[PDB]
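Worksheet: the structure to be examined is printed underneath.
Just so it is clear, none of the values below were taken in a lab; they were calculated from the coordinates. Neighbour counts run over all protein chains shown; Cβ positions are idealised from the backbone, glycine included.
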There are 2 protein chains.
Amino acid sequence: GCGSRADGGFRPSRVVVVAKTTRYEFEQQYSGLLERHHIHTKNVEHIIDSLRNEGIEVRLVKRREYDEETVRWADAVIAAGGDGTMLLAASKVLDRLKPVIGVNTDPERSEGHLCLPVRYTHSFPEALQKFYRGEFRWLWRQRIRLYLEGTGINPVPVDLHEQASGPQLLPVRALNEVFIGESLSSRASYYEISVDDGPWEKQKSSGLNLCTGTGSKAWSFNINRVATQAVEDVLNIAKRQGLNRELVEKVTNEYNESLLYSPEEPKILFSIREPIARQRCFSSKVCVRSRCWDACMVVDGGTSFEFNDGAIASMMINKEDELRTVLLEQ
Amino acid sequence: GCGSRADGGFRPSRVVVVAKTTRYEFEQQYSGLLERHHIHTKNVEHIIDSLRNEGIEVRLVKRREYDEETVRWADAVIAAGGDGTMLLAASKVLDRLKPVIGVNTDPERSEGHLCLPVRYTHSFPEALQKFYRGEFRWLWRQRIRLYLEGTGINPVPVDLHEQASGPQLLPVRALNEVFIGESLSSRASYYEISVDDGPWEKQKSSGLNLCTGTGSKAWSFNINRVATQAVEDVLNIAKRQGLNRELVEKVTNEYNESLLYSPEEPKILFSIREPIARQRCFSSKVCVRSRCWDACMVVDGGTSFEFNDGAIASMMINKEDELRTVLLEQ
Ligand SMILES: NC(=O)c1ccc[n+]([C@@H]2O[C@H](COP(=O)([O-])OP(=O)(O)OC[C@H]3O[C@@H](n4cnc5c(N)ncnc54)[C@H](O)[C@@H]3O)[C@@H](O)[C@H]2O)c1
Ligand SMILES: NC(=O)c1ccc[n+]([C@@H]2O[C@H](COP(=O)([O-])OP(=O)(O)OC[C@H]3O[C@@H](n4cnc5c(N)ncnc54)[C@H](O)[C@@H]3O)[C@@H](O)[C@H]2O)c1
């Protein structure tokens, strides 16, 4: 039931297409990796010809060439690849009126929950028609804003895909989540946390995940979901201390469902990842004081910010940061 | 009920003490960090004088100075610090006859499950007496062996605390666990896994944890434990689809207990950490084929090995690798 129907048609003049970098292409900077490159490149051409046949002026760019100037030149952004390319596309759109549309250029292998339905990959003119008639819904997805302050801070971001101070609004917003933790996988993180302006709790864990409704289907879900076997063990323990397989798969699914919420809900699902002796809650604001030696904040898996002892971060949710996305019929 | 009573007294001639590097000392390479340094240093002196008053020849070393030659010179190793210093001490002992003893030099802040009971920190002569009389149990803790093969491998280890090929036995054994995953916290890992010589399963997750019975109380427990609130939700869902607080805390505890097993059991608890659409099982052998760009194997949190595409790792459990530890009365 999400979104709202378009008031009129969507008939843009200028569109930037940002295209995924294929596994084959990553080497330039065995048979099947070339195939998946042809499939993708073929679908990007299909997208570009469709735009051009309608009369939309089109710029094709890769990650290295997708900058703020092209976003401002464009009336709309089209991410051609997968959910990651949606994440790339959105990282440089800060205007809540500029639409961002994702097309899964490889349906049979990288099914992407942030892109149009797979039918519109091979039938993309049909999507452009529906846009023209106004037969679609706008969906404004909430995103997370990040402020950084403290001593020895560094607000300059690092693109992971290419290898005393007042509060500072960081240059990206999180569509999926903000991950806060030590740069290195195997080293535990130490920080003080304040949820909704509450008291500071000292915490030692393997990181923090702060996600949106959009992001709740992503890392947060795998951080927090329970397996059908665990539910079965819990019940057997309860049945033994105090059961069909369809009845067990249903409690699991109902439980795992409660981990998911609407991408329109302006709330943060805050998960403490593997705490060491509240692990998860909803919130409007979270503030983290870093107490670690070599930590980072990673936004949507791609933009990293240094986050070392004496840095303070505050994440919250602002209407200005909504991402204008679309919902198509089928 | 673990261990076996000492056949005779333990009266060593030469002991190496490896001492924790305090938070204060890490800077040399605010009031309270100096205090915790005094507490530790005071307890190290207490340990050393106790050894020397008995007549044991003693060498005191820090991490940088704890090498294989000192281990061979010593009849026994004493780790003075916490469970991490136990992990350091054991990383360079490969002889299943050489005892390794841990003393918590800071009981009131870094309680360590691998060290003697806290009483023997301030009453260490009493521990030496019990060793002399033979009033203690030997506990042989199982450890994990790591073999590495494939193309482009690098078997040289890296100490994290200081910043085509045939199978190759790596120079350390895991007392807690082997962690396998991408070097960077926020990047998912891709590998093929083979448990007990079974078929290869392609897997995408946030890493693999392969722990011992000793290690099952450590990272694995926080990877796999369920919170009392989750159990409560599961039951409420089941009660609603199909409950006291002491009855809920008991199912949680019984469930979390099943995640723990004896440090004498020669089995690996294999956990897939946050799998992306078996998550956990016991095994004798696990083989991992790396399919990631910048991955590592981290042993016991401190020794790291490069583990990139085309590397194959096999972990198993060998009697030769048991760590000779002690159990004291109280
Ligand atoms: N589940 C985990 O263990 C884990 C680990 C690291 C990152 N991630 C997620 O990956 C994201 C970045 O992805 P990437 O560009 O590196 O691609 P990727 O292909 O390396 O991994 C992302 C995977 O999650 C899916 N995904 C991404 N956003 C989603 C969303 N909002 N809802 C549902 N599924 C979604 C993608 O389709 C893909 O399957 C991060 O924002 C984070 O949420 C998950
Ligand atoms: N729980 C997590 O999220 C997490 C994250 C990273 C590492 N670790 C564990 O930390 C270990 C290395 O510790 P470190 O030297 O860096 O010290 P540390 O103080 O940085 O963290 C280790 C913590 O776990 C405890 N611990 C360690 N081994 C244990 C065991 N066998 N049983 C029970 N508790 C144990 C320690 O007492 C300490 O509380 C790794 O082997 C790994 O198991 C846990």
*Only one of (1) assigned to a loop (DSSP other than H, G, I, E, B); (2) within 16 Å of ligand 2 (Cβ to nearest atom) is not met by A:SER271, so which one is it?*
(1)
_Return the residues of the range B:249-268 that are among the β-branched types (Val, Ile, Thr) and under 24 Å from B:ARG141 (Cβ atoms); say none if nothing qualifies._
B:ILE268
*Scan the range A:202-220 residue by residue and report those that are of a type in the set (A, V, I, L, M) and within 16 Å of ligand 2 (Cβ to nearest atom).*
A:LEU208
*Residue match in the range A:310-324 (condition: within 11 Å of another protein chain (Cβ to nearest Cβ), away from ligand 2 (no atom under 16 Å from the Cβ) and within 17 Å of the chain's Cα centre (by Cα))*: no
*How many of the residues making up the range B:277-293 are facing another protein chain (nearest Cβ under 9 Å) and either over 23 Å from A:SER205 (Cβ atoms) or touching a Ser or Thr at 6+ places or on another chain (Cβ under 6 Å) (or both)?*
4
*What number of residues within the range B:231-246 are within 8 Å of another protein chain (Cβ to nearest Cβ) and either assigned to a loop (DSSP other than H, G, I, E, B) or surrounded by 15 or more Cβ atoms within 10 Å (Cβ to Cβ) (or both)?*
7
*Subset tally (residues that are within 16 Å of ligand 1 (Cβ to nearest atom) and either crowded, with 24+ Cβ neighbours inside 10 Å or part of a strand (DSSP E or B) (or both)) for the range A:178-206*: 11
*Among the residues of the range A:178-199, is there at least one that is of a type in the set (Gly, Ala, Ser), farther than 22 Å from A:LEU87 by Cβ and more than 16 Å from ligand 2 (Cβ to nearest atom)?*
yes
*Output for the range A:221-246, where each listed residue is among the hydrophobic types (A, V, I, L, M, F, W, C) and more than 16 Å from ligand 2 (Cβ to nearest atom)*: A:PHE221, A:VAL226, A:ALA227, A:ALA230, A:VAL231, A:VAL234, A:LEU235, A:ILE237, A:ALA238, A:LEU243
*In the range B:247-268, how many are more than 16 Å from ligand 2 (Cβ to nearest atom), in a loop (DSSP other than H, G, I, E, B) and surrounded by 15 or more Cβ atoms within 10 Å (Cβ to Cβ)?*
1
*Considering every residue within the range A:25-41, establish whether at least one is small (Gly, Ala, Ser), surrounded by fewer than 12 Cβ atoms within 10 Å (Cβ to Cβ) and either touching a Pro at 6+ places or on another chain (Cβ under 9 Å) or more than 27 Å from A:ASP95 (Cα to Cα) (or both).*
yes
